[PDB]
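Novice: Next one to model:
(8 chains, ligands or ions: 3)
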Amino acid sequence: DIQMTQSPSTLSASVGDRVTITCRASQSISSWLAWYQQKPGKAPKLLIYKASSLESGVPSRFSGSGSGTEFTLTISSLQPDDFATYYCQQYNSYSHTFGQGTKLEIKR
Amino acid sequence: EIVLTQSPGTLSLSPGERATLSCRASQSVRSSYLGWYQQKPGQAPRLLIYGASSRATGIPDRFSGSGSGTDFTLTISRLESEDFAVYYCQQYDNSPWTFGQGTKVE
Amino acid sequence: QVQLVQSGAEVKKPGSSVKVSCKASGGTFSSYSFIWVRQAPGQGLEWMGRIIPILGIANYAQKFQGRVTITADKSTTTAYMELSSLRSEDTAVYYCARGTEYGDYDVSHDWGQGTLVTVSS
Amino acid sequence: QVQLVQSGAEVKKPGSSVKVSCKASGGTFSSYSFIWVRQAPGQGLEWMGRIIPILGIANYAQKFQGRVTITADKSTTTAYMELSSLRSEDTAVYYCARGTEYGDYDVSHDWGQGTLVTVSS
Amino acid sequence: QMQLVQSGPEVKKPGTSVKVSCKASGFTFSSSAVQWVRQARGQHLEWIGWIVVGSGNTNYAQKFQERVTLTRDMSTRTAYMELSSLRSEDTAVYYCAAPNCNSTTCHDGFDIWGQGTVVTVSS
Amino acid sequence: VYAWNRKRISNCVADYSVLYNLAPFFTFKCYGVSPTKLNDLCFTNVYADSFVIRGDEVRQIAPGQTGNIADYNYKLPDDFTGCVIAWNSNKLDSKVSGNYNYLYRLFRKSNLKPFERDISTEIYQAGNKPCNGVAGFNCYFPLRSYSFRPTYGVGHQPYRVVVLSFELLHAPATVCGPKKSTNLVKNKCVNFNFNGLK
Amino acid sequence: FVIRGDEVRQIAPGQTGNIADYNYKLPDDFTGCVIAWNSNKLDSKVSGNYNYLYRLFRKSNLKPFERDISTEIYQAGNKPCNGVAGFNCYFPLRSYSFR
Amino acid sequence: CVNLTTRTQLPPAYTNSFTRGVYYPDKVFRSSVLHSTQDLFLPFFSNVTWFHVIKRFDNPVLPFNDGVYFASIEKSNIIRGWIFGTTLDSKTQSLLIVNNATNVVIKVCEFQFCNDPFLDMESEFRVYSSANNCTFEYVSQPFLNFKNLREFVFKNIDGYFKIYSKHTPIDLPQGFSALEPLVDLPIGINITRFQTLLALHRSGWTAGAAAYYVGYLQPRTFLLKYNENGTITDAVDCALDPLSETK
Ligand SMILES: *[C@@H]1O[C@H](CO)[C@@H](O)[C@H](O)[C@H]1NC(C)=O
Ligand SMILES: *[C@@H]1O[C@H](CO)[C@@H](O)[C@H](O)[C@H]1NC(C)=O
Ligand SMILES: *[C@@H]1O[C@H](CO)[C@@H](O)[C@H](O)[C@H]1NC(C)=O
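Specialist: Residues are numbered from 1 along each chain as shown, chains lettered A, B, ... in the order given. Ligands and ions are numbered 1, 2, ... in the order given. Sure, structure below:
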C-alpha cells in the first residue's frame, strides 16, 4: 500500500492570505490523486482531479501542481469559507489510501 | 437459487410406445433459457430441446416438448432403441446454473 | 446535477449485518461507478469498495475480504452494501459516492448525505 | 573487414539476470541492426528479437516477451542484452548477429563466436 | 467442420494443480461462449463455470468459486481451466460446450460438446 | 475511441513544425499531402479528432483498412486527405491497478460509414431470442474497457491519437501557416518582397 | 529506385515536394521517359520492410541530378545539436515501412 | 418576438441619386491621374427608393441583387444594424451586424430571426431566438435640423464581404463624396436578401423622425480624377450621356 502524509497537519491562515498544502506519497504514483474539501459535519467535496484539472463549479483561485510523489495545492486569496479539512487520495493501484486531514483556522 | 426437480427417477417402457419426461422447476423461469440434454452411458451430452419448444439440428421428429410456465415437460411421441439413456436439464437464468438429478429409462 | 438519497441511521448489535442502500436520480445510470467510503469520528478517511455495475468489475479493500459485498440494481438504479461480522470499532458513518465515465471512475465527484451505523450492547 | 566479439562463458543461479555484451568494429555504425539467436545444446537455432538503434524500433519473440531487453550504444558501438526470470532449459549458447543496410535488416550477416550460459544448482 | 477437440486424461496427486483445455475449430469463435461441467462415474452433472471468449467476463459456481480459474486466448482459440486444491472427490469427467455461430447469428444454447477428460486424484 | 472528440479549426495561423517534438519516435503518416509542405498552401477548414487506443491498433487508422476499431469505432474514407499523429502515452494514462475510463464498442450489426459517431449502449442480441436487456446468452454488452497497466507490453500500452483532416471549398482559405520575415535595408539595390509583391 | 504510391507524380520537371527537393531533382528542360509499375509483390513484408529509406530534412533544395547520402543530424533551431537527437534536433532519414 | 400592427401602409417614395455612390476601387495610391475602372457602381441620376419611419414603421425585407448602396439622413442614431441571409431562418447560414452604444459585433450564425426584429437606455433585443451551429465572430470599433448623413456600400464577391462607409454632417444633398473601405470579411456564404433593424425609444415606444434610401449596383465604367493628395475629387459616368461618352 502507498502510505502518504500531508504537511502541515494544521495551518493557521487569515482572510486574503496565500497558503499552500503539500502532500507526499511513499513512491511514485504518477498524477493519480484528487483533492477533497470537507466542512465539519457534512460530506467532503471534490475540488481537483488529475491534480491539475478544475472541477465545474469550483472557483479557479484553487490551484494544484504536481508531477509525482509530491503535490502542492495553493490558495492565492483566502475567504472565511475556506476553513475546513482537506484530504488527499491516490487511486493508482488498488487499496486507495487517504491523507490524515489538515485543519485550517483563524488566528486567535 | 434455482432447483429443477425431476420425476420419476426410473422409467421402464418398451420401444414402439410413448414415454414421458418432466423437469419441474422450483421457481419461475423464462422459456428461452432452459435446455434438455441426453447422453449415452459414457458419452458426452447433446442438446435436444432449447426454448422448450424448438428442436435442434439432427434431433429426431419423435421428440416434442411441452414448455409450460414453470414446470417444463418433454413428451416422447415415439420411442426407439437409441432413446434409452439418461436425461438431464439445465437452467440458464441469472442464478448459478444447476442440473437435475437425472432420469433413467429402461 | 444528480440528487442522491442514502439510507437512514441504524443501531444494531455486533452479531449481525447491516444493509445500506443508495439511490441515484439524475442523468444516465449506465455510465456511473459507485464507491463506498468510511468516515470514523476518531480518525480520517478510508476506502471500502469500488464497483462498475455495467462493466461488472468489483474491487474491495485488502483488509475486508469476505466481510462486505456491494451490488447494484439496474431497474431501480440503486446500490446496496451488506457488511457481516460487525465489530465494536466499526461504529461510524457511511458515505455513498459516485464516479462518472466522463472523468474518472475512481474519483468521487459528488457525495451523499451519509448513513450513521452504530453498534453496542 | 568487420568482426564481432562477445563476452565469455557464464554460469549463474536460476533466480537472477544475465548480462551479455556484443562489440562490433568496422564500417558505419548508423546502418547496423542487431539480432539475437539462441542455440540449444541438442537442438537448432531459435530467434529472439531484433533491434534497430537508428530507427528506434524494437521487436521480440512472442514467448520471450517481458523477459528480454536488447539495447545498443552509439558511443561505444556495443549491444547489451538483459534476460530475467531464468529457468532450467535456457542453458544454451548465445549468438550475437548483425544486419547491414544494403542487405536485409532481419537477416543476419555477421556473427560473433558465441557465449555459453549454464544454470544449475 | 464444427467440432470441439479436448485434451487427454491426466493423473495427479492431492494438493497439486491441473490444467485442462479444449481446442475449437469449424465455426466463428469470436462471439461464442464456453461452460465447463464435471460428472463422476455414475453421478449427475455439476456446473462449474463459464466465460465469454470475446469478453472474458466469467461467472463461477458458489461452491467452487475459490478454486477455479478460466482463461482464453484469441490466437489459439482455446478455453483453459486451472483447478487448485485437489481432493479425492474431484475424480470426474470435465466437458466444454459452445454454441454454433455463423458470424451473423449464433445458436441459442450449448449444442456441441467435447469428448471429456478423465482426471484421477490419488496418492 | 468510440466517443471520439471533434474540434473545428478555422481563422488561425498554424505552425506544424512544433508537432515534431511530441516524442523522439512517433508515427506521422500523412495521406495526400507531404508533411514538409504544410506551411505553404492552406485550407478552408481543419478538423481535429483526439482519442486513446491500444498501440497495436494504431495500424487500423488508415484509408482502406479493416479490423475492429476501423469498422466499429472510427472509419476513415478511402479518398482521405490529411495526417495522423500518434505517440506513446504510457506515462500519462496508466494505472497500476488498471485504468477503466476508456471504452470501445465491440459488437455492431453492420460496419461504420466513414466519419460517423455511434454512442448507443443498447444490448446486442447475438442470437434470435430477444433477451430484452439481460446479459445472458446471445446478449453481450457492446462496450469493453481498456485495462491499461504500466506492466503491459508495448503492444498493449495506451497510445494517444490526433487526426487532422483538410479539404477545399469555394470559401476563401484562412487556416494558413506563418510567413516569416527579414530585417529591412535601405539605400541599396536589393531584391524585396512586400506581401507577395516581387 | 523505389518510392511510395502517391509520390510517383512528384517525379516530373518543375514539381515541388519532399521527394522532388530532398531526394531526387529532375531538370526543367528534361527529355526522356519515366517508367513506374506497382511492385507490391516483391518489396513488401508482413512484419515490415525497413531497408527502403527517404530523406526528410535538409538545409536546402537539391540541384538537378544530385545525390546526397549524408547522415548528419539536422539542426532545426538555434541551439546546436552536436550530434544528438534532442529538442529541435532531428535525424533527417526515415523509413518506408512497407506492408 | 413581438408582432407590431401599428404599421402605416404607404407606397415607398422615390428620389434622384444625383452623383452619389463612388468608392475607392482598390488600395493603390494615385495622384494627379485620371483613371478609368470597370467595377460595380451606382449609376448617376437613377431612382433610389425612399423609406420613412415616425406612426410610420417601414421595415420591409428588400432584395440584395449584386449589391446595395445604403444611405440614411438621421439623428440620434435610430438605425443600428442590418440582417443578411437567404432564407432568414436557422435552416440556412445567416449574417448579422449590430452597432449598439457599446461596440460593434459581427456574427455569421444560424439565427432564428423574429418576424419583426428590432431593439428597445435601450437593452431589449428581440431579434432572434437561437444560434445553433456557427463559426465566425468579429468585433471592432463602432462605426458611429438633421445633421447626420451616413452612407454604406455592401458587396459580396467570391466569398468576401466588403463594407465601405462615409459620414458627412449636413432629400439627398447635391455634391460629391468618395467612400473609403472600412471592413473586409472572408465570410464565404450566399446572400440574396437583407433587412434593417431599428432602435425604438420606449415611452409604449416612440420613434423619431428618420429616413433611409436604398440603391442597387450594376456593372459599368467610370472615369475617376485623383487630386495631388490621392483623393477622388470628381467622376464621369461613361454610359449616361453622349457628351460623357466622348469625355
Ligand atoms: C424615378 O421614378 C419615377 C417613377 O418611377 C420617374 O418618373 C422618375 O423619372 C425616376 N427618376 C429619374 C431620375 O429618372
Ligand atoms: C447560394 O449559394 C450556394 C453556394 O454558395 C448555392 O448552393 C445555393 O444554391 C445558392 N442559393 C440560391 C438561392 O441560389
Ligand atoms: C494636400 O495636403 C497638404 C498637406 O497635407 C495640404 O497643404 C494641401 O492643401 C492638400 N491638398 C488639397 C488639394 O487639399
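Novice: Quick check, residue C:90 in contact with residue C:84.
Specialist: No - at 10.8 Å, residue C:90 does not count as touching residue C:84 under the criterion of CB atoms under 8 Å. Quick note: C-beta positions are derived from backbone N, CA and C, even for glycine.
Novice: ok, now how distant is residue F:45 from chain G?
Specialist: Noted for residue F:45: a distance of 22 Å to chain G, by CB to the nearest CB, to the nearest Å.
Novice: who touches the residue lying closest to that residue once chain neighbours are set aside in this structure?
Specialist: Once flanking residues are discounted, residue F:45 sits nearest to residue F:10: 5.5 Å by CB to CB, 6 or more residues apart in numbering or on different chains. Taking CB atoms under 8 Å, 6 or more residues apart in numbering or on different chains, we find residue F:10 in contact with F:44, F:45, F:46, F:174, F:175, H:135, H:136.
Novice: farthest pair in these?
Specialist: With distances taken as CB to CB, the most widely separated pair in the contacts of residue F:10 is F:46 and H:136, at 14.8 Å.
Novice: coming back round to it: among the contacts of residue F:10, which ones are in strands?
Specialist: If you go by DSSP state E, the contacts of residue F:10 have F:45, F:46, H:136 in strands.
Novice: Between the contacts of residue F:10, which sits nearest ligand 2?
Specialist: residue F:44 (12.5 Å; CB to the nearest ligand atom).
Novice: The closest one touches residue F:165, doesn't it?
Specialist: No - Residue F:44 is beyond contact range of residue F:165, at 11.6 Å (criterion: CB under 8 Å).
Novice: Can you get me a residue count around residue 19?
Specialist: Picked chain A for this. Residue A:19: 16 surrounding residues under other CB atoms under 10 Å in any protein chain shown.
Novice: my bad, the chain I had in mind was chain B
Specialist: Neighbours around residue B:19, by other CB under 10 Å: 19.
Novice: can you check the one 10 residues further on too?
Specialist: For residue B:29, the number of neighbouring residues by other CB under 10 Å comes to 20.
Novice: same check, this time on residue C:88
Specialist: When neighbours are defined as other CB under 10 Å, residue C:88 has 9 of them.
Novice: Now do the contacts for it.
Specialist: C:14, C:119, C:120.
Novice: show me what contacts the last one?
Specialist: When the contact criterion is CB under 8 Å, 6+ apart, the partners of residue C:120 are C:11, C:13, C:88, C:91.
Novice: ok, now residue B:86?
Specialist: Applying CB under 8 Å, 6+ apart to residue B:86 gives the contacts B:38, B:39, B:41, B:102, B:103, B:104, B:105.
Novice: do residue H:98 as well
Specialist: Residue H:98 is in contact with H:80, H:81, H:104, H:105, H:127, H:197, counting by CB under 8 Å, 6+ apart.
Novice: Is there a neighbour count for whatever residue of chain E ends up closest to ligand 1? I'd like the number.
Specialist: Ligand 1 sits closest to residue E:104 of chain E, with a gap of 74.1 Å, by CB to the nearest ligand atom. Per other CB under 10 Å, the neighbour tally for residue E:104 reads 9.
Novice: quick revisit: mind putting the contacts of residue B:86 into JSON lines with neighbour count?
Specialist: JSON lines is the format used below for the contacts of residue B:86 (neighbours: other CB atoms under 10 Å in any protein chain shown):
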{"residue": "B:38", "neighbour count": "23"}
{"residue": "B:39", "neighbour count": "19"}
{"residue": "B:41", "neighbour count": "9"}
{"residue": "B:102", "neighbour count": "16"}
{"residue": "B:103", "neighbour count": "23"}
{"residue": "B:104", "neighbour count": "15"}
{"residue": "B:105", "neighbour count": "18"}
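Novice: could I get those as CSV with secondary structure and distance to residue H:20?
Specialist: CSV is the format used below for those (DSSP: H, G, I helix; E, B strand; the rest coil; distance: CB to CB, whole Å):
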residue, secondary structure, distance to residue H:20
B:38, strand, 102
B:39, strand, 103
B:41, coil, 111
B:102, coil, 106
B:103, strand, 107
B:104, strand, 111
B:105, strand, 110
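Novice: show me where the chain has strands.
Specialist: No chain specified, so I'll use chain A. Applying DSSP E to chain A gives strands spanning A:5-7, A:10-12, A:19-24, A:33-38, A:45-49, A:53-54, A:62-66, A:70-75, A:85-90, A:102-105.
Novice: think we crossed wires, I meant chain F
Specialist: F:7-9, F:30-31, F:45-54, F:82-88, F:103-105, F:124-125, F:139-140, F:143-145, F:158-167.
Novice: Could I get the buried residue list for the last one?
Specialist: Judged by neighbour count using 16 or more other CB atoms under 10 Å in any protein chain shown, the buried positions of strand F:158-167 are F:158, F:159, F:160, F:161, F:162, F:163, F:164, F:165, F:166.
Novice: my read: the fifth one touches residue F:49, true?
Specialist: What that stands for is residue F:162. Yes - between residue F:162 and residue F:49 there is a contact under CB under 8 Å: 7.1 Å.
Novice: ok and the residue in chain H nearest ligand 1?
Specialist: Of all residues in chain H, residue H:47 sits closest to ligand 1, at 3.8 Å by CB to the nearest ligand atom.
Novice: that older thread, which of the contacts of residue C:120 are buried, as a PyMOL select command?
Specialist: This is how PyMOL selects the buried members of those, with burial counted by 16+ other CB under 10 Å:
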select buried, chain C and resi 91
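Novice: Of the contacts of residue C:120, which is the nearest to chain E?
Specialist: residue C:13 (27.4 Å; CB to the nearest CB).
Novice: still on that earlier bit, distance-wise, check the residue nearest to residue F:45 relative to ligand 1.
Specialist: 45 Å (CB to the nearest ligand atom, to the nearest Å).
Novice: For chain C, which segments count as strands?
Specialist: Counting by DSSP E, one finds strands in chain C at the ranges C:3-6, C:10-12, C:18-25, C:32-39, C:45-52, C:57-60, C:68-73, C:78-83, C:92-100, C:115-119.
Novice: what pairs with the shortest one, and is each one parallel or antiparallel?
Specialist: Using DSSP bridges, strand C:10-12 pairs in its sheet with strand C:115-119 (parallel).
Novice: got the buried residues for the partner strand?
Specialist: Buried residues in strand C:115-119 (16+ other CB under 10 Å): C:115, C:117, C:119.
Novice: contact partners of it?
Specialist: Identification of contacts with strand C:115-119 by CB under 8 Å, 6+ apart yields C:6-14, C:18, C:20, C:86-88, C:90-94, C:96.
Novice: can we see that at 7 Å?
Specialist: Identification of contacts with strand C:115-119 by CB atoms under 7 Å, 6 or more residues apart in numbering or on different chains yields C:6-14, C:18, C:20, C:86, C:88, C:90-91, C:93-94.
Novice: Distance from it to the middle of the chain?
Specialist: Distance, stretch centre to chain centre, for strand C:115-119: 13 Å (CA atoms, centre = their mean, to the nearest Å).
Novice: next one: stretch H:6-17
Specialist: For stretch H:6-17, the distance to the chain centre is 17 Å (CA atoms, centre = their mean).
Novice: Check chain H and tell me which residue is nearest its centre.
Specialist: Per CA atoms, centre = their mean, the C-alpha nearest to the average position across chain H is that of residue H:70, at 3.3 Å.
Novice: does that one belong to a helix or a strand, and which?
Specialist: Secondary structure from DSSP states H and E places residue H:70 in strand H:68-74.
Novice: Which strands and helices lie in contact with that strand?
Specialist: Contact analysis of strand H:68-74 by 3 or more CB pairs under 7 Å, 6 or more residues apart in numbering or on different chains; DSSP states H and E lists strand H:148-157, strand H:210-216 as its packing neighbours.
Novice: Cool, thanks, signing off.
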